[PDB]
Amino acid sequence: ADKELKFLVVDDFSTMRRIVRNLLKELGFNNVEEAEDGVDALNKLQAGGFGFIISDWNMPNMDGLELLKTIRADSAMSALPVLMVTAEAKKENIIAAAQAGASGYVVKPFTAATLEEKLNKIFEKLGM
């Protein structure tokens, strides 16, 4: 996948966003922006150019699942890669993610090596 792929990292917790941004940097992905919830994410997505989304499950105003479904049903953004982040792997949340078309699913906290595996799984499936 291109080193310059533009990521949007979505989480209401600023520290987690910084952590994810820094793990991405460690993997060679420097083109990264932040959003604090689904509403803020959709506003930033309007700038165009975004190539990858990493979103937390639980956020105010619009949570991760709502954002995922919105992107998937959007005329322009429907195929955008979306990695969902959760606090705990639960059958019901995994299946909710599957049903809505999550490109990936990962439990926080995660290492750079785990992030890399998950991104590579997605790149491989999408031929990126």
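One-based numbering along the sequence shown. Whichever C-alpha set is largest while still superposing within 1.5 Å between the two forms counts as the rigid core.
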query	finding
More variable segment, 87-95 or 24-32 [Cα RMS over structures in 8 other deposited structures of this protein, core-superposed]	87-95
Per the entry, higher mean C-alpha B factor between 67-75 and 42-50	42-50
Modelled-residue ranking by C-alpha temperature factor, third containing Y105	middle
Ranked against its chain, the third holding the CA B-factor of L8	lowest
Within-chain third of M62 by Cα B-factor, per the entry	highest
Relative C-alpha B-factor of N30, binned into the chain's lowest, middle or highest third	middle
Cα B factor band for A89 (lowest, middle or highest third within the chain)	highest
